[PDB]
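Heads up, the chain shows up twice below as structure tokens, two forms, tagged structure 1 and structure 2.
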Structure 1
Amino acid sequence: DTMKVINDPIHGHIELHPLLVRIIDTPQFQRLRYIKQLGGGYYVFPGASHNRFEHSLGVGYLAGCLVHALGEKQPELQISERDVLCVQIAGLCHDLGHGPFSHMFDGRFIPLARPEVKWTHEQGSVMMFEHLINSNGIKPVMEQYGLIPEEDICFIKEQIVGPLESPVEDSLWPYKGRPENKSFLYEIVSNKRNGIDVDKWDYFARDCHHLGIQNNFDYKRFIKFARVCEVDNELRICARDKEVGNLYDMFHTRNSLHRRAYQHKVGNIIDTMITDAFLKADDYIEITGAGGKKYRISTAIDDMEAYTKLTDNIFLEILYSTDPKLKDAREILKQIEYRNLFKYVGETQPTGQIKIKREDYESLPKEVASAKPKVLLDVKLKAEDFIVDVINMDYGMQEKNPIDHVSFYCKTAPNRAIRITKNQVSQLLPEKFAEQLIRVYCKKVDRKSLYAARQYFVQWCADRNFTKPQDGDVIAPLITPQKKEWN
């Protein structure tokens, strides 16, 4: 088992340990080779045709590079090859469990297919990791390369998802993967304290390189300016005190990428319509589970033998199906094929301090259809013809500043960690880190319906004291004069 090298386009050549090569060369990992990282973005950005396989390889490589650099800079941390291999394995296998198209399954399909279950892709990745290890017989190979599987597997699971048995909430680090003195290893692959991790850097670089946008972050500079320092009696990764501006720039880059590509109108509506097609085709798609069992699309997240075959393939299954049962879903997919998409109406910005929770997402069309515009409307619409899409823009921490939970070190004292407040960096920084934006769409493709939907949406926005739409004075100029505050 000789070391293997791959020519990645973002990170050049990547060297992979033989244990990593054995882990990737399994069906549970090659399943990621057929899942798009940007599901609905491929139908808006033609170049965004990259899967999660490359992203997983890159995240593993970056985690290995960061841990190797941290070990080289501070030999006193006692970082062994076992820790390097474990953090690399956590990096590669952090996205093992993803549904088709990789985001609507986790955030739109499952919440509608089965709202009772609470499912997230990290849990699916953990279960797929267990299935991979058990099915492929990886533990002998792990023991061959100096790894202790009984605790290394727990360490990898804790890296991927966090505290396994229960939330900590007591006992002062009752963890079972690594001791207290290795507390800096729970932040390399998925940092749950401030969000700065190699996963963010990798998808930043890859998405910018593929979409056609330019990236405004340099992870190598952060790597060269990061040191492990004792913070409140545990070792946390700390950055140089002059890098706070670059960290704010990283979060601004995340916000801009979400604004421009991940929350596109057409991409969001296409994801919604593919989700509707999946919901309509759920009852007639059967996936062979374990021991000959048959599983639906929505129920395949309970058996990883079936979930291994639940990839982007079901889209072309429905599209090419001749079964009359799947007719409605096939028609929806063909409407997508003809770009007969649902029509955009408008956006808004809630202004009150209270934001609408996910429990009220489906009640919005009812209120939208209840509007009573004082304009000559020749057609009356129904909530069935209205679609709302609530989007939350944040910095990884909803209401809290992610930089407020970062520790910095200076040149004079390379081992003392300090906190830098927002006002000590610049006065040209965002005053808020959470905002909400609501889209509204129409399912009809006739101009009269478009006019009626626009009037209803503008009247609804004016009713609940929402923001003035960016083009409220053109599409519906008969309602804005009523809103005195808007002018």
Structure 2
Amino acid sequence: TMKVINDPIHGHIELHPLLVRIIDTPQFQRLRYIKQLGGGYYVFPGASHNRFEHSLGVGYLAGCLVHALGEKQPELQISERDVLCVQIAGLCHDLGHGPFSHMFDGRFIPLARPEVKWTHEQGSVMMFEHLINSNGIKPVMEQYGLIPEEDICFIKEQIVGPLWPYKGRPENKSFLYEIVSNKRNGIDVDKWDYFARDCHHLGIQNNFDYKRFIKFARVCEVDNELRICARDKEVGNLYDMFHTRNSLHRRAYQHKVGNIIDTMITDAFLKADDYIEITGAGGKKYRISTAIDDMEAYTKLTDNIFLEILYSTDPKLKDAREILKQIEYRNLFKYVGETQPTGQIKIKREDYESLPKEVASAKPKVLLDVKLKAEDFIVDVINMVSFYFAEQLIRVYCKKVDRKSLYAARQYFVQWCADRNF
């Protein structure tokens, strides 16, 4: 029957039997062992939470918002079927996350397989489909009044993106396609849950109260179409929310130590590739960078690889183990410097691999006692309204920490940075 679950951020959360049956599966339970902040744990010791609670809270918030909108305006004709669909769509919106959350799909894939464009939302939808097919959820959905043929496509459109290109639901229910994921302005339950959880656990003060926003929720006919909006006196609250997210990003998400630790972890993983085998269906052996193509082999791809490399004994993982130990002793790669936003031409996804080669290839005018190779430079790339903006940061890090190497490495930056017109 109805299941009550505790949550430090929110209160007691009720779970529909369908959601309870969905959670109790290996595919969703796998989220217990993936970290919300990934590499930010080693810089904020008090941040050690996973995606399980994040998904639960996102689903709860989406359900609450949909129920409030439905009750406050009975003529929109929102049925419990839509409520179940939105809740299930908000529960399974992060199933595709790899190890260390954003670090995997942001920094490991491009340096491993440049010819495949992959974002974790496609992984999420594939994992959701595999879960539904394997666990036999469809009969239950039919039992509870949900139509699999339409509902599955509606959920898929809710998770990933697409004169109405959507086919899950008719155009008169447009607002339902923004509650979980909003592609137009960037306001939905998901960012609210990030803000709340990060502020609570990390230890930062907050400014945005989502309940006040929920109170003044109306579905107007703005833009010759149905659309969510905010009351005319909510400008201050909206700008406060924007300032809160910007402050969170600057204070936590872009810390020097977090990014450097992520960089060394990624280097260790890349060097350790082609030696760890994960068995999928039929005994097929996949590598770390090729396991996405098979979901059963991808399920066993969690944060355990870090410890598997760390405690490995075979001589084939010598360098990766060495790099992990370097991380452990708190003797990190030395920070070199930063360059103003690239500006004008933008760095493409598949350009990451070539960047270190160009820096080494640059020949500084001054004389350098020590010659640097293409493996001595690692570069980190960071990407930054009804009331009825982006930049790229590039950082360069050097493995060697000796005085001579830093001075020799510094000359490469000045010569290369000026040459590329940053």
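In this text, rigid core is short for the largest set of C-alphas that superpose within 1.5 Å between two forms. By convention here, residues take numbers in order along the sequence of structure 1, the first being 1.
Panel note: of 340, 84, 317, 211, the residue at the hinge between moving rigid parts between structure 1 and structure 2 is 340; all others are over 12 positions away. A two-part rigid motion is described between structure 1 and structure 2, in which the smaller part turns by 18 degrees against the larger. Relative displacement of the residue 448 Cα between structure 1 and structure 2 on rigid core alignment is 5.4 Å. When the rigid core is fitted, residue 374 shows a C-alpha shift of 9.9 Å between structure 1 and structure 2. The shift recorded for the CA atom of residue 155 between structure 1 and structure 2 is 0.5 Å, with superposition on the rigid core.
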